[PDB]
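A closer look at the structure
In case you want the letters, here they are:
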Amino acid sequence: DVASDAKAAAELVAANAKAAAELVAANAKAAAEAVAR
């Protein structure tokens, strides 16, 4: 419900914020790698 749905929405975005920053780290690697390559 809007109480739990809103909670879950903020939580999802918290998980996303990590997974995104973690993907940004992989992207930093993969770009630096692509530069060297």
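Residues numbered from 1 in each chain as written, not as in the entry; some residues may be left out. Heavy atoms only, no water.

Things to note about the overall build of the protein chain
- Helix and strand content of the protein chain: 1 helix and 0 strands.
- Based on the C-alpha atoms only, the size of the protein chain along its principal axes is roughly 50 × 10 × 5 Å.
- Within the protein chain, the fraction of its 37 residues that count as buried is 0%.
- A total accessible area of about 3200 Å² is found for the protein chain, and carbon and sulfur atoms account for 65% of it. (Helix = DSSP H or I, 4+ residues; strand = E, 2+ residues; numbered from the N terminus. Buried < 20%, exposed > 50% of the residue type's maximum accessible area, 1.4 Å probe, protein only. Areas by Shrake-Rupley, 256 points an atom, 1.4 Å probe, with all protein chains shown as cover.)

Section: the environment of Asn-16
- Tracing the backbone shows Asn-16 in helix α1 (residues 2-36).
- Remark: the alpha-carbon pair of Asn-16 and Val-2, spanning 14 residues in sequence, is separated by 20 Å.

Overview of the environment of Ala-3
- Here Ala-3 is to be found in helix α1.
- Sequence-wise, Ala-3 and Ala-34 are 31 residues apart; in three dimensions their C-alpha atoms are separated by 45 Å.

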